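As a starting point, one isolated chain is supplied in structure tokens, in the form deposited in one PDB entry.
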């Protein structure tokens, strides 16, 4: 009942700040399908035995079939995500799905995305939708409906360069009086991020500092924190200077750190409530041949730095 309590409770249960990124590309699905057919559907038959696969709402008929060839891509795309979640959810404080990977095939990927979020909700695992949404206020409400109503995601990523007021139409819904969490793009992984995030300035502060300041001001205006919701910051893992600054001048804020030296990133943005520094690791786990092992490795590496801090 609120993203902060759900994050707090889950953090107490598993004591890590690892966020697992599920961003399946075309190679992953064909390799998964090729591997599954070669090795007698070991993972698929384990998927079909897990409890919540019965609760997904899109094409459950097709998914629960043993291994209709128009649905072949849908079948393995959906089972690949279930396999990654089933293998690795034990080490994940949260799961972050990037919408770009589910859209390039049309509706079929949104159906998988919908199943993935339904599966994660059934598992009561906190979710983040990485869609970097941005638009004018009334148009933006369609994104809020899709993200927080259709997918029932716990939070999402936002590009507020078009204004901070859009956060009012993402993080709050007057018609149901429900509050939602968001992560705004502050400092990002690309090498040319600095052209606008850094070189732009106002009142001698850099643009990402102004954007972060603008975000938190809207968080207090909307009363998010009071309703167990928040507005957080996306800070690239490689951005050590900026990450240190954000934690220094903004403690109490939630940071989501994609693009991954792990020790430097965690120590710079550490917090006592370390669900306030989510470490996103994606391809390193999903493309690793033993995802549960790879996730367990990164789980231990992050627990080492947490106690050694």
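Here the rigid core means the biggest group of C-alpha atoms that line up within 1.5 Å when the two forms are laid on top of each other. Residue numbers count along the first chain shown, from 1.
One more form of this protein, deposited in another entry, exists but is not displayed; see below.
Core-superposed comparison between this form and the one not shown: among 266, 44, 243, 281, the single residue whose C-alpha moves by 2 Å or more is 266.
If you compare C-alpha positions, residue 96 and residue 267 are 3 angstroms or more closer together in the other form than in the form on display. A change of 3 Å or more separates the two forms for residue 267 and residue 8: their C-alpha atoms lie closer together in the other form.
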